[PDB]
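Visitor: My sequence and its experimental structure, below.
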Amino acid sequence: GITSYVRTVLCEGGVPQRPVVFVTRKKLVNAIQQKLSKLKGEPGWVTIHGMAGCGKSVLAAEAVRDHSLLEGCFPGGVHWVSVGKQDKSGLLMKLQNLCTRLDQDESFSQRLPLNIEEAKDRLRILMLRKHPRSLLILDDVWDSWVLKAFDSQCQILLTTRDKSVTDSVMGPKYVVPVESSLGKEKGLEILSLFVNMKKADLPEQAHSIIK
Amino acid sequence: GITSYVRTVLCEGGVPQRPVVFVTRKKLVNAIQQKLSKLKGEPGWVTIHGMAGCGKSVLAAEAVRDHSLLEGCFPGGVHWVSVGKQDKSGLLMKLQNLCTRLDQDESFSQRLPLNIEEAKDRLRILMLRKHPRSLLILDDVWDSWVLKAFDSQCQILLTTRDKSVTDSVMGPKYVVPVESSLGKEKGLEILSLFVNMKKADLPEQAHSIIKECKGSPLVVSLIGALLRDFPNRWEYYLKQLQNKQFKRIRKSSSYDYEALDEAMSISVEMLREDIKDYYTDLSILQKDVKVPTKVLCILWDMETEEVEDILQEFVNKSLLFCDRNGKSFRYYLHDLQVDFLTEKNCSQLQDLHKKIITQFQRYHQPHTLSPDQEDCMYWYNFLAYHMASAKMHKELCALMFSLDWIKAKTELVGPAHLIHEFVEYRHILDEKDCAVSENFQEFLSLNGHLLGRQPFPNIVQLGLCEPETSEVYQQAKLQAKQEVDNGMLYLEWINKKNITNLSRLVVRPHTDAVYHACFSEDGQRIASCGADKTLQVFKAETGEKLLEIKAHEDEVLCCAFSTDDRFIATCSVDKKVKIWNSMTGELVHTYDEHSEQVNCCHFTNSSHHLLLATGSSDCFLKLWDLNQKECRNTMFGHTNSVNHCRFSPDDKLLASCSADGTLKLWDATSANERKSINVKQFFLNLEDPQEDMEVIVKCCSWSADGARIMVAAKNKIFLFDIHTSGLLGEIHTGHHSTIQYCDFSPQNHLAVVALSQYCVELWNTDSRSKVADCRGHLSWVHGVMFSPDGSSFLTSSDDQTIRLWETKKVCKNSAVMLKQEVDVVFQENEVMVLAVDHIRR
Ligand SMILES: Nc1ncnc2c1ncn2[C@H]1C[C@H](O)[C@@H](COP(=O)(O)OP(=O)(O)OP(=O)(O)O)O1
Ligand SMILES: Nc1ncnc2c1ncn2[C@H]1C[C@H](O)[C@@H](COP(=O)(O)OP(=O)(O)OP(=O)(O)O)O1
Ligand SMILES: [Mg+2]
Ligand SMILES: [Mg+2]
């Protein structure tokens, strides 16, 4: 049960809304969230990983989707960044864009840094004062210097495919590892939603394809 | 009713004001609006789509045009963006421009983002705080990354042509799909506004052009504006659209294209090169055929699971409408879509027409065709069609000529489609063959009457009956010779040239006895009922089913077309005067008043007045006012049950007949009696105890001007002059008895009269002499009536048979057809048959 307020914080954050055809993974979401709860304060990084298409992002979106962990724990808003895969130049822009996003007031200089580190300063300072209890989520990430760039000393959680990526970084690191499996009961649940029929009404063919 | 405030919000939004010449589409607007209402909160996208120029934008503008949905629902203002079609650079500018538009305060940085995403941030943030309950509308949109850019998590509704576009996006999506149709009532509404006249005041020409329009409001506005300049050249554009070329129609307009052809060209380009070639093949398909997927598989030569998907991509491109009928899918086009194709693909089409056939040859042969296969009927119905375009006449001989192909085609198609094909066939091949086609059509004349039933009698045996030789007879003798050695005990016939005066055509509409039939006023088609009480409506020429009617309560008593053939009254024992539409076939008018079963029904001959005179067994006439549910005037007058009823050419008058025999020229305008000739003119001083004979007139024949009433009864035809209330003509019938049926012919003063026992003699009125005998109906006729041209006449009969006849044939003498009962004595090598002379011994 999403609170109306949760959506309001989430909209500001910019996390994608969950696909209309989804199926909770209560145990997994619960684990990330309880673990996610763990770094109550002081920096910290969380890595989530799986072979391609394991529900890795949706869980990240889903975990924060809940009110309890987020509201009591996280007075700071949540900011989502879609890192992707980047050459050094490309990475630079994302940083400026995060700069513009975070500084809604514009009190900070309209001029944007031409240097990565300076952006790192704007992030750290902004996280430190402007958004004291903020959590940053990342999407993908394929090389370490990238997290080197985002290494603001403020909690950022990166979700990915390589688990090697967060080795440059410093501070407590925890990993929740998503095996690509799912549940036969659940997929039937998912298939039903996809074709809109009582699960039993589903044809004999359906059972086998899920295998 | 626009609120003043609504306009104030709308102006800020920047949506265009609706064109001055518009016509609400209440149902559609209502649907979008109610649906549009649905995403009360939380992101959401709405897609609206149609083939080009379907009113897609105007609806978007119109939906929001209303106060109720917008004001309560949408505290945020509405912002409209005209996306168009864009390269990556072009798209970028629109974003900045939306940035500048939304931030009127300028509190946000004057500097503009050089990066799309940053603009996405400015939009999301601005939508989130600056305009909390805002709705964004988009125009067009041709590629997904575009909506990827606008995907702000805040409701945006995109209106377009492709429905594929909103697949990248996330969140609830609903689509309202606008078919390009419009309403005939509405377009007349639109046309009136375009030319500024009361709708009725609009010229006769106007109705027909709208049929061409096919509801693409773009065409209507396009024609309509075009007319504003030149009110005089009204027909011209009518024939122009009859031409089927849209290069002629052009107007500068708010809309973004000179012409309708102009819009389609824009749609075609986008398709990826591999797809693009395929569409053209799609060009060949009929304007109005839902083809089974398979045939598309055959032309393509590409496997079925694959073939469907490309078509699915088209349907999204809105260039080919879907048909989810069961597992089967029939795709088809708008008349406009088809026309564009020939306009833009015509040179290829003749060439391709030969491509499809060869592929079919690489698969099923026409004899190798089967009943179970889904595609085959298309193959019957239209394969014939492709070969014609192919222009290959020898191949056309390889197919259509084949008698067995005719057999299978007549097995599930019926014997009408082939006749229709043949008319097309005649131009395509050769004049000399045309004779062969003439011989085959002659072979068909014998086919219609009994051929369809079931026990498809071995035609090969019933075929050897034609005369002369031609190509149809030559085929038969050889086939017979082939059959004969094997067996089959075929019996040769040696007298054909000595026997049978063939009728031009025969129809069995019903297994159940016919009760009435009538020509279309246009003469293009005929409707017959029957004992079953179903009525079947048909076009006589090609002789192919053109109408099926499910039932009429009670047994049909008689039926008739409206003067403009727009209606069909149906009399019945129930007393349900069911005036079904003659086109849609759906019921329109209905009436009842008679104390007894109706004797006759007829629409007013006048184009103006709409009345329904109806005789019945209760003797009372009922002069219905067709414009009113209840009768204009009950008319007691006949002392006996009405025999027949017809409107007089003077609609003010209304003649009627009955068993008393006296004519009754009623004054319908006064709803009162005016004239009524007595009929004792059949004087006959017999030894019969009854005094002067009580004449019983049947048919209520009219003069070609209708100024006088021809009639017939007992032993004499009469020609009364109702305007002077006195006798004039008097055509005595053959010998003496009592007439069972009669029919005056306005041409040649002819009188086709069935006296008794199907004695359907051809007499000549006024001259008072017979022209020629007409043997050939079984069951003693049940009825006959001439074509409106008068060049032909139907012959309904008790057998359940309707024989068409040329006017010319009847006049010529034909002393043949031996007498029914004869004794024949056989003395060896020659057999002699006893006969009764056509005249005497
Ligand atoms: N309830 C659900 N949970 C997880 N995935 C779902 C659910 N319902 C549907 N899906 C499908 C649809 C989405 O395309 C996909 C979710 O994407 P996601 O798990 O974020 O992949 P990913 O982002 O880890 O891939 P990549 O490693 O390429 O980034 O799973
Ligand atoms: N009441 C009406 N409703 C719809 N269209 C109308 C009406 N009155 C006139 N028209 C004509 C004039 C306009 O040129 C046209 C409306 O344009 P519209 O339906 O927005 O096309 P469109 O924007 O969907 O085309 P495209 O697909 O090229 O964008 O229809
Ligand atoms: Mg991801
Ligand atoms: Mg438009």
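Guide: Received, thanks. Numbering: from 1, shown residues only, chains lettered A, B, ... in the order given. Ligands and ions are numbered 1, 2, ... in the order given.

Visitor: so residue A:64 is in which element?
Guide: Using DSSP states H and E, residue A:64 maps to helix A:56-65.

Visitor: what about that helix, near ligand 3?
Guide: Yes. With Cβ under 5 Å from the ion as the criterion, ligand 3 is reached by helix A:56-65 at residue A:57. C-betas here are computed from N, CA, C, even on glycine.

Visitor: could you say what helices and strands that helix packs with?
Guide: helix A:4-13, helix A:26-38, strand A:45-49, strand A:135-140, strand A:156-160 (3 or more Cβ pairs under 8 Å, 6 or more residues apart in numbering or on different chains; DSSP states H and E).

Visitor: now for the ones you listed, which one comes closest to residue B:168?
Guide: Of all those, strand A:135-140 sits nearest to residue B:168, with 16.0 Å by Cβ to Cβ.

Visitor: Not counting residues beside it along the chain, what's closest to residue A:170?
Guide: Nearest residue to residue A:170 in three dimensions, chain neighbours excluded: residue A:151, at 7.4 Å (Cβ to Cβ, 6 or more residues apart in numbering or on different chains).

Visitor: Contact residues of chain A facing chain B?
Guide: By Cβ under 8 Å from any Cβ of the partner chain, the residues of chain A that approach chain B are A:7, A:11-12, A:14, A:16-17, A:19-20, A:93, A:96-97, A:100-101, A:104, A:106, A:110.

Visitor: rerun that using 7 Å as the cut-off
Guide: Residues of chain A lying near chain B by Cβ under 7 Å from any Cβ of the partner chain: A:7, A:11-12, A:14, A:16-17, A:19-20, A:93, A:97, A:100-101, A:104, A:106, A:110.

Visitor: Tell me which residues are up against the longest helix that chain A contains.
Guide: In chain A, with assignment by DSSP state H, the single longest helix is helix A:88-102. Residues from elsewhere that reach helix A:88-102 (Cβ atoms under 7 Å, 6 or more residues apart in numbering or on different chains): A:79, A:81, A:83, A:112-113, A:116, A:119, A:122-123, A:126, A:130-131, A:146, A:149, B:115, B:117-118, B:121.

Visitor: one more time with 6 Å
Guide: Applying Cβ atoms under 6 Å, 6 or more residues apart in numbering or on different chains, the contact partners of helix A:88-102 are A:81, A:112, A:119, A:122, A:126, B:117, B:118, B:121.

Visitor: Indicate the residue of chain A located nearest to ligand 2.
Guide: Residue nearest to ligand 2 within chain A (Cβ to the nearest ligand atom): residue A:20, separated by 27.6 Å.

Visitor: C-alpha coordinates for stretch A:189-204, PDB please?
Guide: Taking C-alpha atoms only, stretch A:189-204 is exported to PDB below (Å, rounded to 0.1, in the frame of the first residue of the first chain):
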ATOM      1  CA  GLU A 189       0.900 -15.200 -11.700                       C
ATOM      2  CA  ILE A 190       2.800 -13.000 -14.100                       C
ATOM      3  CA  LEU A 191       1.600 -14.900 -17.200                       C
ATOM      4  CA  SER A 192      -2.000 -14.500 -16.000                       C
ATOM      5  CA  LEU A 193      -1.500 -10.700 -15.700                       C
ATOM      6  CA  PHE A 194       0.000 -10.600 -19.100                       C
ATOM      7  CA  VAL A 195      -3.000 -12.300 -20.700                       C
ATOM      8  CA  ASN A 196      -5.600 -11.300 -18.100                       C
ATOM      9  CA  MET A 197      -7.200 -14.700 -17.200                       C
ATOM     10  CA  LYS A 198      -7.900 -16.700 -14.000                       C
ATOM     11  CA  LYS A 199      -4.800 -18.800 -13.600                       C
ATOM     12  CA  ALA A 200      -6.600 -22.100 -14.000                       C
ATOM     13  CA  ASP A 201      -8.300 -20.800 -17.200                       C
ATOM     14  CA  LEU A 202      -4.800 -20.700 -18.600                       C
ATOM     15  CA  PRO A 203      -4.100 -23.200 -21.400                       C
ATOM     16  CA  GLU A 204      -2.200 -26.400 -21.000                       C
END
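
Visitor: Buried residues, it. List them.
Guide: Neighbour-count burial for stretch A:189-204, counted by 16 or more other Cβ atoms under 10 Å in any protein chain shown, picks out A:190, A:191, A:192.

Visitor: could I get those as TSV with secondary structure?
Guide: Output for the buried residues of stretch A:189-204, formatted as TSV (DSSP: H, G, I helix; E, B strand; the rest coil):
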residue	secondary structure
A:190	helix
A:191	helix
A:192	helix
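
Visitor: For the residue nearest the centre of chain A, give me its contacts.
Guide: For chain A, residue A:137 is the residue whose C-alpha lies nearest the centre (Cα atoms, centre = their mean; 3.7 Å). By Cβ under 6 Å, 6+ apart, the contact list for residue A:137 reads A:60, A:80, A:157.

Visitor: What helix or strand is the second one located in?
Guide: Per DSSP H and E, residue A:80 falls inside strand A:78-84.

Visitor: Give me the contacts around that strand.
Guide: With Cβ under 6 Å, 6+ apart, strand A:78-84 has contacts from A:13, A:14, A:15, A:64, A:98, A:135, A:136, A:137, A:138, A:139, A:140, A:141.

Visitor: hang on, the last one packs against residue A:156?
Guide: No. Under the criterion of Cβ atoms under 6 Å, residue A:141 makes no contact with residue A:156, lying 10.1 Å away.

Visitor: Counting neighbours, go ahead and name the busier of the two.
Guide: For residue A:141 versus residue A:156, the count of surrounding residues by other Cβ atoms under 10 Å in any protein chain shown is larger for residue A:156: 25 against 22.
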